[PDB]
Amino acid sequence: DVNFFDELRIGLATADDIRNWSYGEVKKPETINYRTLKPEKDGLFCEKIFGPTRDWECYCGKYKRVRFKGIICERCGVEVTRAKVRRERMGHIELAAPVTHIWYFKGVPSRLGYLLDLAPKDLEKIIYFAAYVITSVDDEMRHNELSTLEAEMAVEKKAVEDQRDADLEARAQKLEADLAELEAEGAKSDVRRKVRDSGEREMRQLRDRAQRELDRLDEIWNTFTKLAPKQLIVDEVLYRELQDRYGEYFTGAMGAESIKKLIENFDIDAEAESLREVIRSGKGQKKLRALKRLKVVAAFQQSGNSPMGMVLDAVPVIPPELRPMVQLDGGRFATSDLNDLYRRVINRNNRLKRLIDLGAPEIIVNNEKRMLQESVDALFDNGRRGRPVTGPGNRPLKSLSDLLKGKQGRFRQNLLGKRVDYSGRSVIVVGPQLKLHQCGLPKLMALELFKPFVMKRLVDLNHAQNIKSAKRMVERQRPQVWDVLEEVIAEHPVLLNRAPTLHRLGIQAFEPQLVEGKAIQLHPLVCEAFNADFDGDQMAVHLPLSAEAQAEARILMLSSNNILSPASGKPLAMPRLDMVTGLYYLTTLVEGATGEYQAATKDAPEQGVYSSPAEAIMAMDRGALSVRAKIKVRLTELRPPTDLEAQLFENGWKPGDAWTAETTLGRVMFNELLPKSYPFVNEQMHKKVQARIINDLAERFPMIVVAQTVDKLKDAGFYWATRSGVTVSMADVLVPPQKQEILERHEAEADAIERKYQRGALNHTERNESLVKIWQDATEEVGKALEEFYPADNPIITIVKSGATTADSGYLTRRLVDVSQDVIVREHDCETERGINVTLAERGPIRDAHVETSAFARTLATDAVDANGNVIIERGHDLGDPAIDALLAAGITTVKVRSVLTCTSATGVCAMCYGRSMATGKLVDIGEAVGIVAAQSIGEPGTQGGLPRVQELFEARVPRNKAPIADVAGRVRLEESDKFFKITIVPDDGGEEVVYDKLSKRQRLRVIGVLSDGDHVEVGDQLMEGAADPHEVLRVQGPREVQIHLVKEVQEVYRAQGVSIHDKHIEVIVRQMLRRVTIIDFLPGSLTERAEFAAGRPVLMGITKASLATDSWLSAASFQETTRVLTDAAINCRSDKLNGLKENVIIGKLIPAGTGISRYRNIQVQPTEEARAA
Ligand SMILES: [Zn+2]
Ligand SMILES: [Zn+2]
């Protein structure tokens, strides 16, 4: 209970370790008495072994008081201690015969098979009593008596030969005399042939019968002469022969005990040195099988674990409370399957003792041992071999393997989650009147949620004197407690979350406000992040308790601090669907509106101007001014545009100054919502515009400003969405009757052309092309009507013009997370000069469309200067959007920017290489777990040329349809075989021509225009449109290029669906694929870390393979291939440093990211001496 450890080591549990764990051997397969329902002595649940059922009470009760702690009762053998030990103490079962641990024997690849060099099929026949095996052979005695045995054996083989030849002549003698005697008597020719045919077969059968024994004897002599330990005999009559004669030279057995003997007479070191020598002689299958086999042999040599652990002499029994036997409510009983699996083991084990003691033919005994062997396999991993053990209803029993994994739908649930106190949920309803940092909380829910809190305040203010009175006071919902609730709730944040949780914005903090009703009121702007429809969705509420937790909610997870998508940097809390149309209408400009500005001439002065913005309101309330009119007024509090601001002042400003411009009264009221410092906009507030303006604000103003500014756009957006006058009815939804009639000629002409196609006037391609012209004619016709058909001021069009309008992908996101979770910023700067080139909106006489996801939010590796001229931007600059335009003037077409691919940080990555945090808009903060955020940023749209191609890339699999890349630079010769293509590259060396043999015409050539014969080609160009083998480009272009390629492919898929993911997210995932280099040979094994590293090569491997290769063994176990990881980890005897965050989550430690880093969890908070005086 120290809560802070360092390592976690695993190793094969020996028979002694098991005996040391156990608190007593369970001897009987008895659960509990059928009458008293008390635990039966010496059986499962035995209180003597595992512990008491009641705290400080022995079984008989002689010592039933709270005293006598840790004293064993001399009548029932029960220790006097808390009943909790009934969940910590184990038992054991002493096996009358050894047994194999199914994990090391059957788990692929066979650990025992590779350890003793026995094929798995052969090994299976040994442990399950299908064939004998030679344990020991005495050479010297055999060699000395070899002569006599040979002589005696020859005599025997001859005696058979003398008999065989002597028998055949007798039958032939009879037939010779018999057939002739029958021939003497009148008989048909066929009769003689039948007898002779029978006689010939009779002889044939007789010689072959003697030949059989000759081959048998020969096999006996050969098998004896070449007898050697580890040999296997399946005949069982041959073996019987070897025992009756020559029985003193050799020894053989079956089952686990023979396997145990071979391990006893086994020299790892002796063997370990032979196989090390064996690797050099024959390269191929022999050395390969030796290479694989040595890994296990070396693991046993380096570690102190005895390979004897693979065969158990004792079996551990899990505590009872984890396999509990419980009396169900309603009279029935329920119990774990382990008890029936343990029952099989102990039942058969005891019967064996019986059989052994009685003395029984080996068949009966061996049959019992095999049964015992199988019962332990079922106990550990049921069904792993043969038909699984089934109970009633033919359902397989839950083995230990199943319950550790979760093989019966338990693992998923463990990472499906664990439940938590101080929580609740309910259906959500819209909260249009809430501030962004607030949420509506049903009073009842907030009551039960804060129950403990309001209880203390209810007692302190002496409404009730004792705590018991406070509990009943809240339980009965006394009217006095509602005043104490607002006091405990004040400035106490809560966490809202809606499943499924895709990105980190799926959980946010809010200021709880007590509300009437049983529904949660959610702010309307956060619907985007939660993907929360109001069709009846429910949301969960959690209550942060500790100071650190509350602070994390106020600072890290607060609603108004998280506005920008942590994937694209785009704003999410930006208005949508209602406020868009409302703001669109407010700012729109209508010609000839009431009060329209008119520059009156020669009879009166202009009538469109107005004294101040307030006056226009009085003209709008009266019928004088339409908010959407083109009037002009003089504003004294808004800031003028940039271009017009220079002409007017250029030296001072207009906090109290005035100025005139012509805009809609609405466009005025709109700009009032923005900050005072922001320049006037004066535009129809299109959907796209609001994104621009909101983006700009995030860069120029703090968060609180944008939060309050978006709050003001919500109110205005809604208010004018109601006065918008947008409703559906018969007229608007009506589809034009003329469109249906015009298509009749459209459909008759497309069909009339089909009647001419059959006649022979079709011309076979123009006809098909002409039909498209007909079909295209209707498309043109609908456009000819569409805007003219429905009045420009149509509410359906206005909604369009304004812009207002599963687990398979989450399966991929899980592998993404598990491969990148340990990637966190660990230092501000690694100081590396390396970087990568960005195209930066090239091809101009023109900005690249993908600059926002490749160049935005980066940092320069080298200064950017435009020659001839001054340096445009200094290295290490943030490369904001304003910087791009400044860079655009210089005419630059490439930029070097730092990246996590080139970062040299020993641990994790550095801030400067990572760059700007998408959520904060500033430099990324040390400790940010950019890996998890990256996996989410990629996984979320996964549910949204699709997921198979993306999964094909991240898993590093050979492309579905392979496409060749250029192996060397030079010109290209193109040839066309029948149904094939040949592509020869004539190098500029010019050396050996590179020929790409056979290429399906179905997978046509790539494009520059389309490639032709004789074009120049570089060292990495893709020759045909398709997916190039990532392992191919790796060996060709090197690690730095494979990353550039993969990112280009992944981002192209997401770009195809209109998803904006910044490259750095994808890069974080790719970086983890090239971290290891294969050695396998100057070193023992391949795939050591690049930093860990006698020549090795750069390696490309999938996320699933890369994540399973992590140094933590319990992280790889909770991920995939559970049984496999433990077996290899137990053998190697690995120790986990508990460095990654997954591990700490399991044991309950602080994750080494965010508020858990060393630098951040050791802050000392003391008040300055200067402040205390006050
Ligand atoms: Zn007792
Ligand atoms: Zn770096």
# chains A, B, ... in the order shown; residues from 1 in each chain; ligands from 1
>>> residues_near_ligand(ligand="ligand 1", cutoff="8 Å", atoms="only C-alpha atoms and all ligand atoms", output="ChimeraX atom specification")
/A:57-63,72-78
>>> select_by_dssp(residues="range 484-733 of chain A", states="strand (DSSP E)", output="PyMOL selection string")
chain A and resi 494-497+507-515+520-522+538-542+609-610+632-635+659-662
>>> write_last_selection(atoms="N, CA, C and O atoms", output="compact mmCIF listing (two decimals), in the first residue's frame")
# COMPACT_ATOMS: atom_id res chain seq x y z
N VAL A 494 -18.31 21.14 -13.14
CA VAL A 494 -18.68 19.76 -13.43
C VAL A 494 -18.18 19.42 -14.83
O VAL A 494 -17.90 20.30 -15.64
N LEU A 495 -18.09 18.12 -15.10
CA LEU A 495 -17.61 17.61 -16.38
C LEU A 495 -18.78 16.95 -17.11
O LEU A 495 -19.39 16.02 -16.59
N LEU A 496 -19.07 17.44 -18.31
CA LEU A 496 -20.07 16.83 -19.17
C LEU A 496 -19.39 16.03 -20.27
O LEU A 496 -18.32 16.39 -20.77
N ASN A 497 -20.02 14.92 -20.64
CA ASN A 497 -19.47 14.02 -21.65
C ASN A 497 -20.61 13.25 -22.29
O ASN A 497 -21.53 12.81 -21.60
N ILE A 507 -15.43 15.96 -23.93
CA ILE A 507 -15.61 16.16 -22.50
C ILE A 507 -15.15 17.57 -22.16
O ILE A 507 -14.03 17.95 -22.51
N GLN A 508 -16.01 18.34 -21.50
CA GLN A 508 -15.70 19.72 -21.16
C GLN A 508 -16.25 20.04 -19.78
O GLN A 508 -17.08 19.31 -19.23
N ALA A 509 -15.78 21.15 -19.22
CA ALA A 509 -16.22 21.62 -17.92
C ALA A 509 -17.24 22.75 -18.08
O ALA A 509 -17.22 23.49 -19.07
N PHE A 510 -18.13 22.87 -17.10
CA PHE A 510 -19.18 23.87 -17.15
C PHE A 510 -19.48 24.35 -15.73
O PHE A 510 -19.23 23.65 -14.75
N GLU A 511 -20.03 25.57 -15.65
CA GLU A 511 -20.49 26.12 -14.38
C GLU A 511 -21.92 25.65 -14.14
O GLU A 511 -22.82 26.07 -14.88
N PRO A 512 -22.17 24.81 -13.15
CA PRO A 512 -23.52 24.25 -12.98
C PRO A 512 -24.49 25.30 -12.45
O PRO A 512 -24.19 26.01 -11.49
N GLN A 513 -25.66 25.37 -13.08
CA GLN A 513 -26.75 26.23 -12.63
C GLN A 513 -27.97 25.37 -12.37
O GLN A 513 -28.37 24.57 -13.22
N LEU A 514 -28.57 25.54 -11.19
CA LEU A 514 -29.76 24.78 -10.85
C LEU A 514 -30.92 25.18 -11.75
O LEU A 514 -31.17 26.37 -11.95
N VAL A 515 -31.62 24.19 -12.28
CA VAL A 515 -32.67 24.41 -13.26
C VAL A 515 -33.86 23.51 -12.94
O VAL A 515 -33.70 22.41 -12.41
N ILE A 520 -31.03 18.09 -18.85
CA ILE A 520 -29.83 18.91 -18.79
C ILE A 520 -29.90 19.96 -19.89
O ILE A 520 -30.24 19.65 -21.04
N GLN A 521 -29.59 21.21 -19.55
CA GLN A 521 -29.59 22.31 -20.50
C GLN A 521 -28.15 22.53 -20.97
O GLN A 521 -27.28 22.92 -20.19
N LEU A 522 -27.92 22.29 -22.26
CA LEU A 522 -26.60 22.38 -22.86
C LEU A 522 -26.50 23.63 -23.72
O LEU A 522 -27.43 23.94 -24.47
N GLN A 538 -28.65 11.69 -24.50
CA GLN A 538 -28.36 11.79 -23.08
C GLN A 538 -26.89 12.16 -22.89
O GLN A 538 -26.04 11.83 -23.71
N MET A 539 -26.61 12.85 -21.78
CA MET A 539 -25.25 13.26 -21.46
C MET A 539 -24.94 12.92 -20.01
O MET A 539 -25.79 13.07 -19.13
N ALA A 540 -23.71 12.46 -19.77
CA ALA A 540 -23.26 12.10 -18.43
C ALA A 540 -22.61 13.30 -17.75
O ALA A 540 -22.04 14.17 -18.40
N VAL A 541 -22.71 13.32 -16.42
CA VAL A 541 -22.16 14.39 -15.61
C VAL A 541 -21.30 13.77 -14.51
O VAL A 541 -21.76 12.87 -13.80
N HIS A 542 -20.07 14.24 -14.39
CA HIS A 542 -19.15 13.79 -13.35
C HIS A 542 -18.73 14.97 -12.49
O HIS A 542 -18.69 16.11 -12.95
N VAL A 609 -28.86 60.00 -44.49
CA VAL A 609 -27.91 60.05 -43.39
C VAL A 609 -28.65 60.10 -42.06
O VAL A 609 -29.85 60.38 -41.99
N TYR A 610 -27.92 59.82 -40.98
CA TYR A 610 -28.48 59.82 -39.64
C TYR A 610 -27.45 60.34 -38.65
O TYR A 610 -26.24 60.15 -38.83
N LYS A 632 -26.74 55.62 -44.72
CA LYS A 632 -25.40 55.98 -44.28
C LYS A 632 -25.49 56.84 -43.03
O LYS A 632 -26.34 57.73 -42.94
N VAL A 633 -24.62 56.57 -42.06
CA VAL A 633 -24.64 57.25 -40.77
C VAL A 633 -23.20 57.48 -40.31
O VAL A 633 -22.24 57.01 -40.92
N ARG A 634 -23.06 58.22 -39.21
CA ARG A 634 -21.77 58.55 -38.63
C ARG A 634 -21.65 57.85 -37.27
O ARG A 634 -22.45 58.12 -36.37
N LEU A 635 -20.65 56.98 -37.14
CA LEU A 635 -20.43 56.22 -35.92
C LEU A 635 -19.27 56.82 -35.13
O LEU A 635 -18.27 57.25 -35.71
N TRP A 659 -16.93 59.40 -37.56
CA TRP A 659 -16.67 59.15 -38.98
C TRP A 659 -17.94 58.57 -39.59
O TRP A 659 -18.77 57.98 -38.89
N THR A 660 -18.08 58.76 -40.89
CA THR A 660 -19.28 58.38 -41.61
C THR A 660 -18.97 57.31 -42.65
O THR A 660 -17.93 57.37 -43.32
N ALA A 661 -19.86 56.33 -42.78
CA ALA A 661 -19.83 55.40 -43.89
C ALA A 661 -21.23 54.89 -44.14
O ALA A 661 -22.12 54.99 -43.29
N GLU A 662 -21.43 54.32 -45.33
CA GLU A 662 -22.74 53.87 -45.79
C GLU A 662 -22.83 52.35 -45.64
O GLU A 662 -22.16 51.61 -46.37
>>> select_by_dssp(residues="range 1097-1134 of chain A", states="alpha helix (DSSP H)", output="list in words")
residues 1103, 1104, 1105, 1106, 1107, 1108, 1113, 1114, 1115, 1116, 1117, 1122, 1123, 1124, 1125, 1126, 1127, 1128, 1129, 1130, 1131 and 1132 of chain A
>>> closest_residue(among="A:242, A:154, A:900, A:871", to="ligand 2", atoms="only C-alpha atoms and all ligand atoms")
A:900
>>> residues_around(residues="residue 988 in chain A", least_positions_apart="2", cutoff="8 Å", atoms="only C-alpha atoms", output="PyMOL selection string")
chain A and resi 969-971+986+990-991
>>> residues_around(residues="residue 98 in chain A", least_positions_apart="3", cutoff="6 Å", atoms="only C-alpha atoms", output="NGL selection string")
:A and (256-257 or 312-313)
>>> residues_near_ligand(ligand="ligand 2", cutoff="9 Å", atoms="only C-alpha atoms and all ligand atoms", output="list in words")
residues 827, 828, 829, 830, 831, 832, 833, 834, 898, 899, 900, 901, 902, 903, 904, 905, 909, 910, 911, 912, 913 and 914 of chain A
>>> residues_around(residues="residue 448 in chain A", least_positions_apart="3", cutoff="10 Å", atoms="only C-alpha atoms", output="ChimeraX atom specification")
/A:422-424,443-445,451-454,474-475
>>> residues_around(residues="residue 546 in chain A", least_positions_apart="5", cutoff="12 Å", atoms="only C-alpha atoms", output="VMD selection string")
chain A and resid 492 to 493 551 to 553
>>> residues_around(residues="residue 675 in chain A", least_positions_apart="2", cutoff="12 Å", atoms="only C-alpha atoms", output="ChimeraX atom specification")
/A:637-639,670-673,677-681,693-694,696-698,700-702,704-710,712-713
>>> write_last_selection(atoms="C-alpha atoms", output="mmCIF file, in the first residue's frame")
data_model
loop_
_atom_site.group_PDB
_atom_site.id
_atom_site.type_symbol
_atom_site.label_atom_id
_atom_site.label_comp_id
_atom_site.auth_asym_id
_atom_site.auth_seq_id
_atom_site.Cartn_x
_atom_site.Cartn_y
_atom_site.Cartn_z
ATOM 1 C CA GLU A 637 -17.603 54.125 -31.148
ATOM 2 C CA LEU A 638 -16.791 51.546 -33.857
ATOM 3 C CA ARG A 639 -13.464 51.401 -35.567
ATOM 4 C CA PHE A 670 -23.400 43.407 -36.007
ATOM 5 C CA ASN A 671 -20.047 45.171 -35.631
ATOM 6 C CA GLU A 672 -21.169 46.245 -32.148
ATOM 7 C CA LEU A 673 -21.065 42.578 -31.118
ATOM 8 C CA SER A 677 -10.745 47.315 -31.228
ATOM 9 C CA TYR A 678 -11.673 45.238 -34.278
ATOM 10 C CA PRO A 679 -12.059 47.177 -37.548
ATOM 11 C CA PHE A 680 -15.441 47.608 -39.197
ATOM 12 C CA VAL A 681 -16.373 44.771 -41.569
ATOM 13 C CA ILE A 693 -13.784 36.853 -38.758
ATOM 14 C CA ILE A 694 -13.846 34.387 -35.863
ATOM 15 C CA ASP A 696 -8.965 36.480 -36.986
ATOM 16 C CA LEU A 697 -10.262 37.206 -33.479
ATOM 17 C CA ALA A 698 -8.632 34.096 -31.998
ATOM 18 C CA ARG A 700 -5.525 38.908 -32.237
ATOM 19 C CA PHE A 701 -7.463 38.609 -28.960
ATOM 20 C CA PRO A 702 -7.404 36.472 -25.803
ATOM 21 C CA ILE A 704 -12.222 35.334 -22.980
ATOM 22 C CA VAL A 705 -12.752 37.916 -25.727
ATOM 23 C CA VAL A 706 -13.586 35.338 -28.399
ATOM 24 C CA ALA A 707 -15.759 33.465 -25.895
ATOM 25 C CA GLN A 708 -17.796 36.586 -25.132
ATOM 26 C CA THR A 709 -17.806 37.617 -28.802
ATOM 27 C CA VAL A 710 -19.223 34.264 -29.907
ATOM 28 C CA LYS A 712 -22.959 37.837 -28.511
ATOM 29 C CA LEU A 713 -23.213 36.362 -32.016
#
>>> atom_distance(atom1="CA of residue 1002 in chain A", atom2="CA of residue 964 in chain A")
14.0 Å
>>> atom_distance(atom1="CA of residue 259 in chain A", atom2="CA of residue 118 in chain A")
11.0 Å
